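The form deposited in one PDB entry is given below as one chain in structure tokens.
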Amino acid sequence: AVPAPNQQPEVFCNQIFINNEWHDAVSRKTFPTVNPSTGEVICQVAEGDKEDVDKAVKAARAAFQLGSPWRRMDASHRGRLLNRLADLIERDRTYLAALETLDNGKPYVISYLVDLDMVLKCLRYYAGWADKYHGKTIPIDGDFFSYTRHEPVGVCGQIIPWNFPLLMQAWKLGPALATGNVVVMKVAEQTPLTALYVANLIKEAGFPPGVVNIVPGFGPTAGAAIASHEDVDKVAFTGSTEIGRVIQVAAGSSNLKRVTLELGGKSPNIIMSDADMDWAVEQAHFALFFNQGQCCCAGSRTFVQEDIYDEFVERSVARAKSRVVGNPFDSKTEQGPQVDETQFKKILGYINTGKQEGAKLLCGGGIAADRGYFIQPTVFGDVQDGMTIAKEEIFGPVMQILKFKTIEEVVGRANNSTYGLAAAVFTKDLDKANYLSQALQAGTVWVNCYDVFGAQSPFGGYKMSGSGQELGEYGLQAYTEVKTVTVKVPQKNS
């Protein structure tokens, strides 16, 4: 049941949001955001820079000041506000679902039923954490009373990617606002629209000004300015592992601000011989092709037991070949366009490599439309560990199927990586399930499923997949400062 979408929704916000006010870039410069389906320009947006960031950072600090409305306000009320924002976004659910599809290109039915469901659940989840994250009282030695304060970290720099525009915004705002922090958020130049409108609903929710500031622009400028700002207490970056090094390097060189990173991966989806064929075939397909393959934890490495390899591939190629590519607003469409031309050509260049590298091209491999950034659902067979496509994150509709024999083999090959964001195991065996979920060096291991995220379930990565987690209770840690207060008492008793 998905409400009919407005295929050309009108855009109301396209500037810089500061102190619950809409501003032009200081420079007066703007950038265009494009429809990835047509290549056409949707509209112009304010191009924020250092001076816009400072303005935003000045607004946040003063809103984070002791005695300020936001700082004094009940922890319970912060959650009421978060619930309100949830209420209003739901009110604007059909519109936002269409605008997200318009700028990002993901099919509307997904935008409505998945992305916007997940946004509502995440904000409502964190509303419930607002007054339920407690510090401790500590039975310290001697005649002393010791307790801890879990205060907000402060002015939080937040940079999010384009693959899940709205839900990334929610994943960040949730714990930061539930914990009493203020935010200056940097949104992706490819998909800044839905976040700019939500800032409107942030305003409509009742949130005081300066608590959430969004500065649209470009990474190296706005993004870098935040990463370098001397009055920013923490920066959360989600995006290319390349810029990540940039963020951490600038961060130590600015003020030693608190830095958490959530980068890419090359997630292994391991199908053991005793797996349910039909189910593993469909979850494997979803695992890689979901969101036009542009998922942090896409199952881009399909290991299949040799005894079943041929059948699995067969069904996967059949499955892949049936995937409907086209208008995201068309109910039948399973896959919309790639986010942008650069990414578009990047994936094509990967496929090209895969071919020359010797991987067996079984289907797709080229452009799926003369218009927009469409790429055919591509499946490579007989993929090797050394192949470029089997090592580098493609972030596209390119499926990699590797052949293995034993469980000891797949663990080492799966774990032989610089990444460790996610992984999955398909098997009926209890000991196989447990062996693997323990042995795989991943921040998330799915068993007989894939891409199952819960508002209560954390999402963190290992190795070069970064640090820190998202969702669940763990999220509140990186947005909180712990203060210990140890008071001298007349005489301690148990």
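Just count from 1 along the sequence shown to find any residue number.
If you look for the form deposited with a small molecule bound, you will not find it shown, but the lines that follow are about it.
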Can you check whether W171 is within 4.5 Å of the small molecule in the bound PDB entry, heavy atom basis? yes
Applying a 4.5 Å heavy atom distance criterion, does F303 contact the small molecule in the bound PDB entry? no
Is there any non-hydrogen atom of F290 lying within 4.5 Å of the small molecule in the bound PDB entry? yes
Even though the small molecule is not shown here, does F164 get within 4.5 Å of it in the bound PDB entry, heavy atoms only? yes
Option touching the small molecule, based on a heavy atom within 4.5 Å in the bound PDB entry, out of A320, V153, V411, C295: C295
Checked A98, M118, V259, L201 for heavy atoms within 4.5 Å of the small molecule in the bound PDB entry; positive is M118
Choose one stretch from 434-442, 37-45, 66-74, 450-458: the one whose residues place a heavy atom within 4.5 angstroms of the small molecule in the bound PDB entry. 450-458
